[PDB]
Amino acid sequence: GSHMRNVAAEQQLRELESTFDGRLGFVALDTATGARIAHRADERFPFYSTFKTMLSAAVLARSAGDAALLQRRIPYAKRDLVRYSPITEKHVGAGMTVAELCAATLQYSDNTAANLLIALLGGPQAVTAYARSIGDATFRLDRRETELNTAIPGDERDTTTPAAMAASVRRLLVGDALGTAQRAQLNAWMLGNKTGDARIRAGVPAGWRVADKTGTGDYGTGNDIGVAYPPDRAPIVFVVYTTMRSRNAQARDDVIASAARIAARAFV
């Protein structure tokens, strides 16, 4: 890689942003060198479901000191279900274990699972407190699902910046924010994500393994965060936020894939 290639990538990101109505917020970090490719890196974006990575990390951190927490069963009823709860709607009554809730919220973006885990931790402010503990001064979780997805212009609730989220994803999945076993579990869950095949995954080479978490809001908006694990070189962190409002899902996913492709080109 080189600075010149990273500057070219940033120009290509600006050109990409001109292809849709809205803003692109992008950071990629090459962990072999620390090199960064950035576009609107310090602007706030609604994080939508990508916060579920921070949420699950906070649960895992608590589980490091409570060996039974991940097996604890949390009951809930049909009245507790919010919109888009494909896994939790199957287990109304006796409910699900904390580990199962984490897997559901990470791999299917299950919203009720997220709310149950937020309540487990003591409320949304506990997720913000966890972010502070790992060095993220920017992240703020103010609301629960599904209200946190409103994305009102100028509203800083339930936002972060691409730079702050990339730093947190790096520390969580590649670095020292969590203990060994918990870092590994977070990677395992995110490697098994079911919702992101058309986003960051679609922009990187086939042999790369991707651990990602998607987000989706109103009006065909979307985002994706994660780490790619190339087969014989160092991991690369990807954070792609947008305020894109699209006519269809394919257009939105193509922008996110393209942004990842631009950074992969610069770093290989």
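Quick note: we count residues from 1 along the sequence shown, nothing fancier.
Novice: Could you check which stretch, 200-208 or 224-232, carries the larger mean CA temperature factor in the entry?
Specialist: Higher mean C-alpha B-factor: 200-208.
Novice: Using only the Cα atoms and their B-factors as the entry lists them, report which of 153-161 and 82-90 averages higher.
Specialist: Here the higher of the two C-alpha B-factor means belongs to 82-90.
Novice: Out of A9, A260, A251, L24, which one has a C-alpha B factor higher than all the others in the entry?
Specialist: Most elevated C-alpha B-factor of the set, per the entry: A251.
Novice: Ranked by Cα temperature factor within the chain, is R183 in the lowest third, the middle third or the highest third?
Specialist: Its C-alpha B-factor belongs to the lowest third of this chain's values.
Novice: Please place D142 in the lowest, middle or highest third of its chain by C-alpha B factor as given in the entry.
Specialist: Middle third.
Novice: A28's Cα B-factor: lowest, middle or highest third of the chain?
Specialist: Lowest third - that is where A28 ends up once the chain's C-alpha B-factors are sorted.
Novice: Considering every modelled residue of the chain and its Cα B-factor in the PDB entry, is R72 in the lowest, middle or highest third?
Specialist: Its C-alpha B-factor, which the entry lists for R72, ranks in the highest third among residues of this chain.
Novice: Looking at the C-alpha B-factor of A35, is it in the lowest, middle or highest third of its chain?
Specialist: Its C-alpha B-factor belongs to the highest third of this chain's values.
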